[PDB]
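J.: Give me the fold of what follows.
(11 chains, ligands or ions: 1)
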Amino acid sequence: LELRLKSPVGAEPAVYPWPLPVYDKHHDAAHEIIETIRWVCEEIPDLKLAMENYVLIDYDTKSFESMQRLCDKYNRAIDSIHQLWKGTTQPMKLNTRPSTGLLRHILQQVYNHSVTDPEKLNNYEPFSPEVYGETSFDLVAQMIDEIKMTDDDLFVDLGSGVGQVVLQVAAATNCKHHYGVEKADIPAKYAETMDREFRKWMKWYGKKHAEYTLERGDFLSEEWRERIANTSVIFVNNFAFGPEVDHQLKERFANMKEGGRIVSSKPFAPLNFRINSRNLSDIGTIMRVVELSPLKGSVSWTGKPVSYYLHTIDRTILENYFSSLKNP
Amino acid sequence: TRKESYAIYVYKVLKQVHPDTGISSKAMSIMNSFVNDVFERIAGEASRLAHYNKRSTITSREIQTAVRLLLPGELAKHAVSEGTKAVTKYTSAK
Amino acid sequence: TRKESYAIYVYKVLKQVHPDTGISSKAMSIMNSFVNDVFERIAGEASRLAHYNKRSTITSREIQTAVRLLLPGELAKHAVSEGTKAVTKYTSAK
Amino acid sequence: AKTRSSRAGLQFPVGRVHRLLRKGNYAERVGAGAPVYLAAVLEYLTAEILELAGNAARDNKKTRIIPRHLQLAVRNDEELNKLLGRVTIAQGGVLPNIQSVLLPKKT
Amino acid sequence: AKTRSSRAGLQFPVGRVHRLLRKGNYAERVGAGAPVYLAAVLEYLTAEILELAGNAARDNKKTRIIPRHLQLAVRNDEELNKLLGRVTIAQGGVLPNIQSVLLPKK
Amino acid sequence: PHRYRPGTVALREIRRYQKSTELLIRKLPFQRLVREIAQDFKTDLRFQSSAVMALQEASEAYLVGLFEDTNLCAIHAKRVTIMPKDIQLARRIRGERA
Amino acid sequence: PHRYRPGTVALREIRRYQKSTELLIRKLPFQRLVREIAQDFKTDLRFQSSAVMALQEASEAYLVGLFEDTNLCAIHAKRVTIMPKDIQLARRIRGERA
Amino acid sequence: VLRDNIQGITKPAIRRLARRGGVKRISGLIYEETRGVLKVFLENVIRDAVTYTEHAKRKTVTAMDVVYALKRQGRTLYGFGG
Amino acid sequence: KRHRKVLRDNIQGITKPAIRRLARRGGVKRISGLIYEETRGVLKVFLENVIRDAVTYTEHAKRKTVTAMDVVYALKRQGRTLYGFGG
DNA sequence: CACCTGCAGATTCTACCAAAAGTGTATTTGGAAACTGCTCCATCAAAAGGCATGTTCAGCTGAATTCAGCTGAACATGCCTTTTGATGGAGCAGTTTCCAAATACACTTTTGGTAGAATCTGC
DNA sequence: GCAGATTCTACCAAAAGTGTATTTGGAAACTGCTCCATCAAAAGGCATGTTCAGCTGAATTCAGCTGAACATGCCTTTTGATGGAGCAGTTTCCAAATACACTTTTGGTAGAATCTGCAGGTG
Ligand SMILES: C[S@@+](CC[C@H](N)C(=O)[O-])C[C@H]1O[C@@H](n2cnc3c(N)ncnc32)[C@H](O)[C@@H]1O
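T.: Numbering: from 1, shown residues only, chains lettered A, B, ... in the order given. Sure, the structure comes next:
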């Protein structure tokens, strides 16, 4: 028939059809069922005790019966917790921040339900701006922790893909607004469905999120020059978009107000920035650069570690150039 | 007999990147070896390439392919842009 | 379009050395690769030798030095004697 | 008049490079754009190595680039290290690198 | 007219070797003896390998030289092995060789 | 139920494969692997048949010789079992890692 | 009387020499070795002084890099002491004796 | 049942290669390590071969493109032309 | 020209401390007593090979003086390209 | 390791210029471009020859322990390399002369490569 | 028995060899001049040789457990047959590359003069 996993708070349950839909050769409906159940067990002590009953750890992905005895144990366990939650125990608070293992899982659940065919997004020829966005969880966590977000800030993702980075930042840190703009029609279209689904799923799990918009647009345009300058936290994914594009994005980080931070996967100027007598076209005349630690557990398809590079707008660099020229 | 070297051109470039930095004669000798080395490597790859394709002419297209064959990833990308740009500009000036 | 190879000459040599021994197609292709490979190594070495010495001409002397640089001991000695012998014989003939 | 280097916007000598290509016996003919493209690449690679070597010199509180700085620049840069993987820079020394198991104590 | 090969007493083609040298862009000029000397060297090396290869075919009870025999001849010959130290002979296999420590303790 | 001791058959296989020259990876799977890698450099490519075979002859000769060096490294550490660290040591010294 | 433990000064020496670039073999003795060897190849040769320095820079770079590989071979065998068998394995994998 | 292509280089095929290489006993982890090594080898050689293919304005990788690629990588191969 | 001392056993000029220093630059912490002679033997082969080719270039040019360039070319031929001496 | 003095090596000018490099007509031609025939490559069907998987235990790897003696650290002694200089002259390298040998066609001859047909033979 | 090597006839653009005339690289000849070999003298940076014992390599023992051998069963690979994607052979044609005579600019470099980064010693 179907398989149903009911909400711990009594939002609206998640329904998974039988036969099980497959999204790709690495993600199927069955694996989403198993992951929900682990993470709910981790949030609610009592739930996991009730998952101890009957047969446990002999379920398998496919076989109606094997997954239904697990689902059915969970649905009974949810009911019990809801009766209990009317009592001395109270609902799972929606001001409690998510933990990193749980947050990763909420985006994974959400992702599969917005994007019903991710392999297609993965066909790109390297060296163009059509190159589909999205970043590993670890990298984005490195950004969130090191480069603080405050509620006097504005977060923007140029080349956001499906907008999962923005979402992750908005549940884990607060800001005035959190945004995603993506150029290529297919991943951006999905970015809207992600924003809505993400909000439904954050309530469902009883956890806190901020306020965010994933927008469909073009991040390689004139309008977005002004958006970037009045923004103070820019995450931008680029490296595999070509030198041509790297130039045009650089020009737009130039428009940025003093104080602004740019977190990128592209070293726009050398780490150890030295003066040029033609840095009237080079972005490094207006920024301090340092390269953030490579993280292992985020390797590419050539098997290379992904870095991010922290660039900080500082006009002292510029002030010094000019003074050296005024002399003699 | 006059003996040529890329020294003055290496110096001009040094001054563009690091205005107040000098270079010892031994380092300049190393830079001159480097330039000659890469010139020969690229020229030889270009020569073979042209021969393999039964072409008697080495054009910027053979230099570009030689550069791609010889240089590691990111260096090849940037070298390619700089050479392409230099030729497009060169051809626009006459 | 003609496809030249050393096959017929390798075969003549085979008959001199082993009159009743044949050679398969794949083996012959290996021998053709061998001859082309040694030809290129020797020729390239001779080319570099002449350029190093600012000479426009590759003569039997550059071929000889190239052989001594490229081939291991005994092989070089016999190759040199074979080469010298052929140029002598050749030079003495109306 | 104007040099072919100025027309191409280069610091490296296009004329010289064209000449060297002809004298090197690389092909019967060498097109006009070949030396331009090649001079540009050589210039770019030299800019890259000098950028990094001057930084190594600065790191070592020196104003003059010496062979050691060229070596630190090349060996600390993945791509230049590969391009010069079979090249020895005289008076370059090596990168400080002591295998872990050789250090004393524990933890 | 007598071929340059016959005059040199060679089986390898002097004329072709001269031509290949000229068009290989090795030098602006190529002297008359160069292609003769080079052809003779190529002939000699060829005879050396075929000599040892043929012997290997014989030891294997075969009258036709196949790649395996060229590999056995080259790898069992110290000098040829070094000359061809960075060359792979297709369908050559390797020399029979088991590290002693791997043999059973009889 | 007859049973050869561990190693007896291994030794038998070494002798057998060192006597022959046929390729040891199956052709189609190798071809698929080759095409997939090439598609990342240029889409819609075709391959002459001899091109794939040359790649396989070269790839197999490379791995076989690498296994020989790997084996010397395992033996150097007084083992007779090759491990990943043996392949890594060999590649580093060959300068493929260095 | 004070004494550093064995290995302490060795580590100090490693840091010192990896920081510098001067040649480590005495110059005249190396020049005599070059002349002796060259003389056995061909009598009555003369040498430009930079030709001998070039041979020395190349010989030392070669030896330092070989000791790095040798060291990796000793460590591979769970030792910290390099031995002739480590140099031999390193040269064999490099194809210097293969 | 699906199958990742590099997984098509099977444990038995790898063991045979190892046997010709004189190897008597193999660690379970060797197979994946070998696959990784083989992929890097093919990526390096194929990249150059395709570079020659494209320079020739062809859509077909020829044996010669491969031979030239192997040769510049110091892996000269005899038997396929050149 | 009168006399010219006989050169012999100069491989011993490559002393134990010099070899120890070279191994330290190579990151080596402990050294077996047999390493010194082994290293001399390896250095002799290296030098014989490079010097043989260098002198071959010297003779070809009909010179009696081995130049820095004869060595640079010999090193290059052997895949040991050296920068800094005109090469 | 920041500060400070003596100095070799480096960046600072003057004048000379042959070797470059560039500007200007004439003449030549390599190879892009378009059309197209002939391979031989991609793909499908089915006859065909391993590979995947779980079981059992032999024997290998590596941990724990011990200790002989190698090899590092420190030291005394003084040899020989290094440094600073000078000098004869071997020989490398510049300059001019000038032929033996190479390039440059033009023409006649032979020859290796290709295509098709059919018989032969090592394995 | 048969896939692949061998034998034979026929076709011909491609080569290669011969003949003729011009062009030229680089040898011998003479010689300027760098720099190589060598002798001298002084002295201190290091090599040598020894003592002593820390701790490393090498041996021995042993048990957990990983890999080898193997039996059991089917799915991916191999083999043989067939439309076309393009690799090539052919023809056409000009943008662009030699060839060649001047004219102008510039990188070397010989010699003398003043500058300046940092080696080297100190605390
Ligand atoms: C590497 S993808 C981003 C993936 C996602 N941001 C992440 O970090 O995983 C880069 C994105 O930049 C987008 N892009 C490029 N130029 C743009 C432009 N001018 N305006 C908006 N988006 C642009 C592309 O469409 C592409 O999806």
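J.: Name the nearest residue to residue 11, sequence neighbours excluded.
T.: If you meant another chain, say so; for now it's chain A. In this structure, residue A:11 finds its nearest non-sequential neighbour in residue A:204, 4.6 Å apart by C-beta to C-beta, 6 or more residues apart in numbering or on different chains. For every residue, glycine as well, the C-beta is placed using N, CA and C.
J.: meant chain H, my bad for not saying
T.: Distances taken as C-beta to C-beta, 6+ apart place residue H:31 nearest to residue H:11, at 5.1 Å, with adjacent residues excluded.
J.: Residue A:187 now?
T.: Of all residues not flanking residue A:187 in the chain, residue A:161 sits nearest, at 4.9 Å (C-beta to C-beta, 6+ apart).
J.: I'd like the secondary structure assignment at that neighbour, please.
T.: Under the three-state scheme (DSSP: H, G, I helix; E, B strand; the rest coil), residue A:161 adopts coil.
J.: So which residues on chain A come close to chain D?
T.: By C-beta under 8 Å from any C-beta of the partner chain, the residues of chain A that approach chain D are A:270, A:272, A:274.
J.: of the residues you listed, buried ones?
T.: Buried residues within the residues of chain A next to chain D, counting neighbours by 16 or more other C-beta atoms under 10 Å in any protein chain shown: residue A:274.
J.: Return only those of the residues of chain A next to chain D found close to chain B.
T.: Filtering these for proximity to chain B by C-beta under 8 Å from any C-beta leaves residue A:274.
J.: how about CSV for the residues of chain A next to chain D, with distance to residue A:212 and secondary structure added?
T.: Converted to CSV, the residues of chain A next to chain D look like this (distance: C-beta to C-beta, whole Å; DSSP: H, G, I helix; E, B strand; the rest coil):
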residue, distance to residue A:212, secondary structure
A:270, 34, coil
A:272, 36, coil
A:274, 39, coil
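J.: Give me the nearest residue to residue B:85, chain neighbours excluded.
T.: Closest residue to residue B:85 apart from its sequence neighbours, by C-beta to C-beta, 6+ apart: residue D:40 at 7.3 Å.
J.: In terms of helices and strands, where is the one you found?
T.: Take DSSP states H and E as the rule and residue D:40 turns out to sit in helix D:33-59.
J.: who's in contact with the closest residue to DNA strand J within chain D?
T.: Per C-beta to the nearest atom of the strand, residue D:15 is where chain D lies closest to DNA strand J, at 2.7 Å. Contact analysis of residue D:15 by C-beta atoms under 8 Å, 6 or more residues apart in numbering or on different chains lists D:3, D:4, D:5, D:35.
J.: What residues of the helix or strand harbouring it count as buried?
T.: Under the criterion of DSSP H and E, residue D:15 resides in helix D:14-23. Neighbour-count burial for helix D:14-23, with 16+ other C-beta under 10 Å as criterion, is recorded at D:14, D:16, D:17, D:18, D:20, D:21.
J.: Please apply the same query to stretch A:315-326.
T.: Neighbour-count burial for stretch A:315-326 flags A:317, A:321 (criterion: 16+ other C-beta under 10 Å).
J.: Regarding residue A:236, what are the backbone dihedral angles?
T.: phi -140, psi 120 (degrees, to the nearest 10).
J.: if I look at it, how far off is residue A:182?
T.: As judged by C-beta to C-beta, to the nearest Å, residue A:236 and residue A:182 stand 12 Å apart.
J.: and chain D, which of its residues are near chain A?
T.: Neighbours of chain A within chain D, by C-beta under 8 Å from any C-beta: D:51, D:54, D:55, D:58, D:59.
J.: got it, and chain B?
T.: Residues of chain B lying near chain A (C-beta under 8 Å from any C-beta): B:15, B:16, B:17, B:18, B:19, B:20, B:21, B:77, B:78, B:81.
J.: What helix or strand is the first one located in?
T.: Pointing back at residue B:15 there. Using DSSP H and E, residue B:15 falls in helix B:7-17.
J.: Contacts for that helix next, please.
T.: Helix B:7-17 is contacted from outside by A:274, A:276-278, B:21-23, B:28, B:31-32, B:35, D:11-13, D:43, D:46-47, D:50-51, D:54, D:65, using C-beta under 8 Å, 6+ apart.
J.: The residue nearest to residue A:238 when sequence neighbours are not counted: how many residues sit nearby?
T.: Spatial nearest neighbour of residue A:238, chain neighbours left out: residue A:266 (5.0 Å); criterion: C-beta to C-beta, 6+ apart. Applying other C-beta atoms under 10 Å in any protein chain shown, we find 19 residues neighbouring residue A:266.
J.: Figure out the helix or strand that residue 36 lives in.
T.: With no chain named, the answer covers chain A. Using DSSP H and E, residue A:36 falls within helix A:29-43.
J.: ah, I was thinking of chain F
T.: For residue F:36, the host element (DSSP H and E) is helix F:27-39.
J.: sorry, back to before: let me know the closest of the residues of chain B next to chain A to residue A:24.
T.: Proximity of the residues of chain B next to chain A to residue A:24 (C-beta to C-beta) peaks at residue B:77, which lies at 31.1 Å.
J.: Run through the residues that contact that closest one.
T.: Residues near residue B:77 by C-beta under 8 Å, 6+ apart: residue A:243.
J.: now it: how far from residue D:37?
T.: Applying C-beta to C-beta to residue B:77 and residue D:37 gives a distance of 15 Å.
J.: got the residues of chain B near chain H?
T.: Contacts of chain B with chain H, taken as C-beta under 8 Å from any C-beta, map to B:45, B:48, B:49, B:52, B:53, B:61, B:62, B:65, B:68, B:69.
J.: can you rerun that using 7 Å?
T.: Proximity of chain B to chain H, by C-beta under 7 Å from any C-beta of the partner chain, involves residues B:49, B:52, B:53, B:65, B:68, B:69.
J.: Now render these as a markdown table, adding secondary structure and distance to DNA strand K.
T.: A markdown table is the format used below for the residues of chain B next to chain H (DSSP: H, G, I helix; E, B strand; the rest coil; distance: C-beta to the nearest atom of the strand, whole Å):
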| residue | secondary structure | distance to DNA strand K |
| --- | --- | --- |
| B:49 | helix | 15 |
| B:52 | helix | 11 |
| B:53 | coil | 10 |
| B:65 | helix | 16 |
| B:68 | helix | 19 |
| B:69 | helix | 20 |
